[PDB]
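As structure tokens, one chain now follows by itself in the form deposited in one PDB entry.
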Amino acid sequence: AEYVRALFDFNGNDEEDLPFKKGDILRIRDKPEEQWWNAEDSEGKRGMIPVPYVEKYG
């Protein structure tokens, strides 16, 4: 929980869903749900995204 990347892309719009790509990098800031995590895009936008549609980085 700190750095995750999407390998399925989705692009929501933000303000409710962090738009990612099929291999985008993000950071885990909050986690209200279990399936959706509040990660921040490289832009610094706090939005929820699917954990199954993304992974973690090292």
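The first residue of the sequence shown is number 1, and the count goes up from there.
Just so you know, the form deposited with a partner chain bound exists too; it's not on screen, but the next bit is about it.
Shown alone here, residue 35 lies within 4.5 Å of the partner chain in the deposited complex, counting heavy atoms only.
When contacts are judged by a 4.5 Å heavy atom cut-off, residue 8 counts as touching the partner chain in the deposited complex. At least one heavy atom of residue 50 is located within 4.5 Å of the partner chain in the deposited complex.
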